[PDB]
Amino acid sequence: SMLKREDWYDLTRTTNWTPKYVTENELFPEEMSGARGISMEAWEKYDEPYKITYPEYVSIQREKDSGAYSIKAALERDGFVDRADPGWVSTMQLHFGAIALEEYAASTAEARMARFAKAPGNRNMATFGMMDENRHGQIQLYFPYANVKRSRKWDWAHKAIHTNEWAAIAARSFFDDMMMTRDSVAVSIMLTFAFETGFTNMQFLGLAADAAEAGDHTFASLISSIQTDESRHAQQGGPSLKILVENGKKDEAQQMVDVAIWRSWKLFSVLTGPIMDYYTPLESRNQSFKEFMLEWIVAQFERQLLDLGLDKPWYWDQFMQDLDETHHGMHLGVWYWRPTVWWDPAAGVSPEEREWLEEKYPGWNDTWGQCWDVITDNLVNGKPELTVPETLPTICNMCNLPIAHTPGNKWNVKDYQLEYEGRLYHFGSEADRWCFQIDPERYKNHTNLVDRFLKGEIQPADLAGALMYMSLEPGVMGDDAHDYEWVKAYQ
């Protein structure tokens, strides 16, 4: 016969002991552990809600891959990718390039907790989390590898994070700050709670939905399967937060949550927002980026913060309003500077699309539509040279994304500058500047793309030079997804 899990589970996490040959501080260095004065005994109250043991893990995960890899092989010779909508293709290339190696890097963030967390249950769940991200990094290399012969852009699934292309810098800026350079406890909070529980867990659900809707069952099964691993390790932050609150560290906990949620939001505004409201075909749009955020993200955070005894971040109201604009600016920025990215941005501003946008965002045509009006006229009148840039946009020193906002009739573009020790920093928002001010030494001498350009690190010092500095060459450099097909609707 066999024992029930509940009868022996606790012994798997009864692993703390009192060091004698070394000190506790040597074994669990504060910069790596983040125990924050809270004792080993108190961290032992940590109790993960979603439990799993080794044998259950390998059995279950074995079946997940059997399924996902089986779907891939069965649909491979069908060549769906060769007849898929350009916007969908670009969606995947963007996805893989930004994510693949960051997923893998996350296995090291989990490993940070597996070694240094003082909570035994946290160390074992992080070992499974480490394995999950190992899987996510590998399977997300394996799937796009099938398309390397179709376009050099697919090579960026591996390459992107190894380059200085602006989007990749923004990605590393976020990921290195949230999970690679923080103590164990901070990681469980900022990565596991704020980013995975708060954003990606639901997003991957929507992504898999869109993939199915687009007729891409391979990618649909991929994302769908990866998503099921998320809850298992995204759970880690909750217990850590309760421990910090139960003791005297609620403000420290609140500050980590505030920072992580804002940084996650900014990355999201550029990697997901544009895709939902512009790349996905009008007929396949269930809801708008804003509707998705409210229904699936914002409500859940409020719910969660309440149950943990935390507050809504100070910027919550601004965050609410920004749902109308931010992504629209990131999309316009990405499309205008299209040759600076490794995928083809879809304009998404045809008459039909613009009326939809007006529905979902009253005032869009008077604001955002204005810029797109000039772009369109130029394309109609054979002046495409005016739809590509000749300079670099101002980059935020925190999120490393372009500083952009409401244009046209309700012009409201602002820069939250900051002079610190002789240097002038630029921020795309109040919260971004705040993230810097609460911990200046963490960001101080970092330089964004513009800072480097102005320092002389990009040579030759021009756009062609900036492009080589970012490892971008013809073939991967982006252009309009549907090859300006939508222009014909205007003559």
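Residue positions are given as counts along the sequence shown, with the first one as 1.
Of the two segments examined, 55 to 63 and 418 to 426, it is 418 to 426 that shows the higher average Cα temperature factor in the deposited entry. Between 181 to 189 and 310 to 318, it is 310 to 318 that carries the larger average Cα temperature factor according to the deposited entry. You'll see in the entry that, of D176, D258, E291, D155, the Cα B factor peaks at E291. The entry assigns its greatest Cα B factor, within the set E295, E102, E196, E133, to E295. In the deposited entry, the Cα temperature factor of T280 sits in the top third of values across the chain's modelled residues.
Among the modelled residues of its chain, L241 has a C-alpha B-factor that falls in the middle third, as given in the PDB entry.
Ranked by Cα temperature factor within the chain, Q304 sits in the highest third according to the deposited record. When the modelled residues of the chain are ordered by C-alpha B-factor, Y142 sits in the lowest third.
Among the modelled residues of its chain, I226 has a C-alpha B-factor that falls in the middle third, as given in the PDB entry.
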